[PDB]
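A.B. asks: based on what follows, work out the 3D shape:
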Amino acid sequence: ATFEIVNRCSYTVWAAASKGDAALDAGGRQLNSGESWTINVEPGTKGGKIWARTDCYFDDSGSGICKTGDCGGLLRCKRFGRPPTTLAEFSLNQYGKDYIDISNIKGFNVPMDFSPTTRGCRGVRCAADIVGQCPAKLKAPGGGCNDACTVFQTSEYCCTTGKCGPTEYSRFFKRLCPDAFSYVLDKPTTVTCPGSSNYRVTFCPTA
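C.D. replies: Residues are numbered from 1 along each chain as shown. Sharing the structure here:
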């Protein structure tokens, strides 16, 4: 499956793509403003994620640090990124269908649109200025807007038992981005796409 990852931000981002225990394609790449990076994701990929990382520094070996979404200091991500990270999540060829969503469960750093480039389904978008409107207690000094679980580490925010409800913090992400997951047990905003669809992830789709 092809994913075109497009940076429409006015600033450089370092795209990342991983399934948690492995990189997807090269796992990461620098994208200057306006740049597009096309990756190939293995059919059947379950629990894949794509995200942007901001304010990165990498040495000649591809080792360094990012202010948001750092994946163990590597340019080419093999694991998930450090929150806050707006996440494009997907599971492909799951009983003949693909499933896509955008999640704010691990916070938000950059606005995003995640849409199929093929027929048969609608895209999802979280393009609002969540960082600018971020509640004081969720603001991440290094940039972005943390989810409540990251900040507070409570059973209620982290939905440890699977018996949690919405909160003042989850309602904030939900109000700004109705189409993205705001907490673990949020009413699913997952989109069902034909199996083997192709996609485009766009950072800063509006600005």
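
A.B. asks: for residue 32, which non-adjacent residue is spatially closest?
C.D. replies: Counting by C-beta to C-beta, 6 or more residues apart in numbering, residue 12 is the residue found nearest to residue 32 once chain neighbours are left out, at 5.0 Å. All C-beta atoms are positioned from the backbone trio N, CA, C, and that covers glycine.

A.B. asks: report the separation between that neighbour and residue 40.
C.D. replies: Distance, residue 12 to residue 40, by C-beta to C-beta, to the nearest Å: 23 Å.

A.B. asks: so if I had to pick from the two, which one is more boxed in?
C.D. replies: Set residue 12 next to residue 40 and count neighbours by other C-beta atoms under 10 Å: residue 12 wins out with 16 against 12.

A.B. asks: what's the following helix or strand after the helix ranked longest in the chain?
C.D. replies: Longest helix in the chain, counting residues (DSSP state H): helix 168-176. Where DSSP states H and E defines the elements, the next helix or strand beyond helix 168-176 is strand 191-194.

A.B. asks: convert the C-alpha atoms of the helix or strand harbouring residue 149 to PDB, please.
C.D. replies: For residue 149, the host element (DSSP H and E) is helix 148-152. C-alpha atoms of helix 148-152 as PDB (Å, rounded to 0.1, in the frame of the first residue of the first chain):
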ATOM      1  CA  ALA A 148      -4.200  13.800  30.200                       C
ATOM      2  CA  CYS A 149      -2.800  10.200  30.700                       C
ATOM      3  CA  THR A 150       0.700  11.400  29.800                       C
ATOM      4  CA  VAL A 151       0.500  14.300  32.200                       C
ATOM      5  CA  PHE A 152      -1.400  12.700  35.200                       C
END
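
A.B. asks: which positions in it come out as buried?
C.D. replies: Along helix 148-152, these residues count as buried under the neighbour rule (16 or more other C-beta atoms under 10 Å): 148-151.

A.B. asks: which residues touch that helix?
C.D. replies: Identification of contacts with helix 148-152 by C-beta atoms under 8 Å, 6 or more residues apart in numbering yields 83-84, 105-107, 137-138, 154, 157-159, 167, 169-170.
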